[PDB]
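Throughout, protein chains are lettered first and strands after them, A, B, ... in sequence-line order, and every chain is numbered starting at 1. The analysis underlying the following values was restricted to heavy atoms, covering all of them including side chains, and did not include hydrogens, waters or symmetry mates.
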Protein chains: 2
Amino acid sequence: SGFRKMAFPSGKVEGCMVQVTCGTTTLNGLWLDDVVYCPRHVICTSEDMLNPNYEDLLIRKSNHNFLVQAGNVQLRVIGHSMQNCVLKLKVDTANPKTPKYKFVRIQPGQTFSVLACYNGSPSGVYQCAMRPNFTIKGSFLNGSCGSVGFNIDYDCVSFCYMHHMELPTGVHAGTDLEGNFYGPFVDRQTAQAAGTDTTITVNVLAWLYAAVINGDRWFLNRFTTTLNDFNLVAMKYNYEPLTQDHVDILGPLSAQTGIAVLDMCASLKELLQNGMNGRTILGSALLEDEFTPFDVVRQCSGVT
Amino acid sequence: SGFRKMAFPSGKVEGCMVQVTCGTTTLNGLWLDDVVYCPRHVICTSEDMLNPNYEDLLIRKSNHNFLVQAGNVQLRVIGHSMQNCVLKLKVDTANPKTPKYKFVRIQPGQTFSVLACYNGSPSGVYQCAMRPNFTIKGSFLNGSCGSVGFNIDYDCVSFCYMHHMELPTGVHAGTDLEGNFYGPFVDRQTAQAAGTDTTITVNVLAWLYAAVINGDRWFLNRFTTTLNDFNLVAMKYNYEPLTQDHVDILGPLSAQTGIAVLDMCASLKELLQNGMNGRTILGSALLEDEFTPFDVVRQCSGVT
Ligand SMILES: Cc1ccncc1NC(=O)CN1C(=O)COc2ccc(Cl)cc21
Ligand SMILES: Cc1ccncc1NC(=O)CN1C(=O)COc2ccc(Cl)cc21
């Protein structure tokens with residue numbers, strides 16, 4: 001028992017981290033097979049970042065301008081290309097530590113682990129959710145660009161995120177591994193509206209189920225609700241409307257605990273309307289939304 | 001910017017995890033050089049656990065009864081010995097993935113990362129603190145025994161914890177890597193009092209400094225306090241008394257922000273007495289104590 005914000009073991013991803021330098025800019029790159037992926041803004045100076053013409057900036061660069069170093073050793077760059085907001089540097093050596101991997105575009109509300117890196121060296125690992133507005137609330141500093149987000153299914157690493165920037169509001173934005181930004185963001189130093197965010201309802205309900213499994217049950221009540229009634233409350237409190245697909249994904253947790261999904265919705269309704277009255281749930285004094293129903297099942301079953 | 005409960009990258013520790021089986025019990029072991037360390041209760045059956053005579057139980061075991069498997073391959077056991085509550089199994093092969101390492105006994109209030117494992121396979125990584133009462137609030141299930149806690153200083157892994165048991169209260173207890181339990185616990189299935197716990201004051205103050213660095217500053221006030229006055233409040237709210245050694249450890253954070261330690265103590269005093277009035281600090285609705293002043297400095301500087 002016990003429930004923690006757990007990240008996937010980062011070993012398979014640590015083996016892929018490299019440092020990429022172009023001119024005076026150094027950031028992180030991901031070396032998979034004979035290709036190194038990194039944010040295309042590695043080719044900019046600070047002066048270029050207000051409105052960079054990436055196509056023109058990249059034309060001034062040759063393979064030998066991209067310095068790629070895998071810890072101690074230097075990689076030989078034999079090709080370079082830009083795909084959306086990422087650069088792909090072809091190297092003459094396939095990474096011997098390349099794990100089985102996939103590139104995936106995650107849905108808002110899904111979670112993943114981030115291996116924060118600086119100068120190609122891993123500094124720490126944390127779990128987070130892709131917000132409904134396609135931002136992530138990470139922990140990143142200057143030099144963290146190129147750090148990646150991922151999930152692991154037994155021996156396969158599905159890379160879903162590459163870090164690009166911090167918005168003026170302190171939140172984070174990035175791309176999938178094909179260089180497409182999540183959300184409306186562009187890789188330019190401009191103020192950028194991140195949409196209205198909402199709380200990931202299906203994940204809060206999953207976390208209330210994790211709470212019951214682990215013995216925190218004070219919030220359970222004698223009530224039930226309907227999807228319509230619950231959604232009027234979700235509306236008022238800026239929670240994502242609950243759908244039958246979310247109820248379906250919560251089936252395994254409802255089966256394990258014997259608590260019907262709509263009954264858990266009535267506990268969440270009372271918590272939204274009344275607050276937590278100075279009490280905690282799984283060590284938190286707020287409703288947590290960074291655990292998916294899959295995360296709860298994985299953590300509560302002991303999947304490796 | 002941003003502040004997360006970040007764990008150390010687990011790669012160096014994943015390389016050391018093995019499965020240890022003795023009879024019908026399987027748990028995790030730590031393979032460093034030519035020795036595998038694991039909880040001594042691997043030699044018990046469920047019947048033995050009410051009051052095991054470990055010396056007698058171990059005399060019934062020979063080297064060949066300890067099945068050690070490093071993922072796919074089997075290790076040959078050439079010696080076994082019990083040191084406090086750990087077994088040390090000498091193997092004929094030194095672990096080729098052994099990192100630079102140390103065994104350390106951590107102080108209560110210090111933090112570390114845990115790589116939760118099942119059947120010798122890593123399942124996830126999370127950061128936690130050793131509570132003042134020498135328990136840890138982890139996330140562990142049956143089979144997690146032998147999972148380790150550690151910290152990393154550049155290339156050196158300091159192992160500080162090995163998981164042994166869950167107390168009837170759902171909290172966790174374990175040993176240093178010499179097999180000495182943290183706290184008054186014994187490796188026996190008996191109800192065991194974990195002392196009165198307290199909140200780690202120096203870590204809450206470190207986290208309020210992390211909040212200011214990251215822009216959360218609503219809790220700052222026009223007041224100051226003294227160590228004596230602050231300690232009367234710490235007493236009432238079950239917080240550890242603050243000492244000059246804690247103020248000294250907070251020096252770098254006070255220097256970075258320009259907020260004197262006693263002025264931050266006055267913000268913490270007002271938060272203890274008034275609560276957070278429905279507001280949050282770094283995404284938390286309670287006062288967080290799982291970040292040491294070293295953790296805050298490391299996270300806010302980008303140490304790899
Ligand atoms: C400093 C920091 C902290 C956390 N995560 C990332 C960063 N770094 C950046 O954001 C880099 N960067 C700027 O600093 C400003 O101009 C930009 C415009 C576009 C893009 Cl892609 C990057 C930038
Ligand atoms: C189940 C679980 C969940 C989380 N962490 C650990 C465990 N496992 C245990 O605690 C094993 N175990 C018992 O189950 C009961 O008897 C004991 C007495 C002493 C010692 Cl050392 C171990 C045990």
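Of the listed residues (B:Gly138, B:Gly170, B:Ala116), the one with the most heavy-atom contacts under 4.5 Å to chain A is B:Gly138. Chain B forms more heavy-atom pairs under 4.5 Å with one residue of A:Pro122, A:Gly120, A:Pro9, A:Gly302 than with any other, namely A:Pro9. Between chain A and the residues B:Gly11, B:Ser139, B:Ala285, the most heavy-atom pairs under 4.5 angstrom are made by B:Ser139. When B:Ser113, B:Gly278, B:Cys128 are compared by the number of non-hydrogen pairs under 4.5 Å with chain A, B:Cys128 comes out ahead.
For A:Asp295, the side-chain hydrogen bond (donor to acceptor under 3.5 Å, both in side chains) partners at least two apart in sequence or on another chain are A:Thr111, A:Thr292, A:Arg298.
Heavy atoms of A:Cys300 lying under 4.5 Å from chain B belong exclusively to its backbone. Contact annotation for B:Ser301: only backbone heavy atoms (N, CA, C, O) come within less than 4.5 Å of a heavy atom of chain A. With a 4.5 Å cut-off on non-hydrogen atoms, B:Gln299 touches chain A through its backbone and its side chain both. Both the backbone and the side chain of B:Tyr118 come within less than 4.5 Å of a heavy atom in chain A. Residue contact with chain A, scored on non-hydrogen atoms closer than 4.5 Å, involves the backbone and the side chain of B:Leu286 alike.
In this structure, the separation between OG on A:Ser10 and CZ on B:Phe8 is 11.5 Å, given to the nearest 0.5 Å. Between atom CG of residue B:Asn203 and atom CG of residue B:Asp289 there is a gap of 6.0 Å, rounded to the nearest 0.5 Å.
Using a cutoff of 4.0 Å between basic side-chain nitrogens and carboxylate oxygens, A:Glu290 and B:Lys5 are not scored as salt-bridged.
Shown here is B:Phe294, whose CZ atom has no more than 12 heavy atoms of other residues, nucleotides or ligands within 6.0 Å. Around CZ of A:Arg279, the count of heavy atoms belonging to other residues, nucleotides or ligands within 6.0 Å exceeds 12.
If you check the side chains of A:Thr21 and A:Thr26, you find a donor sitting under 3.5 Å from an acceptor.
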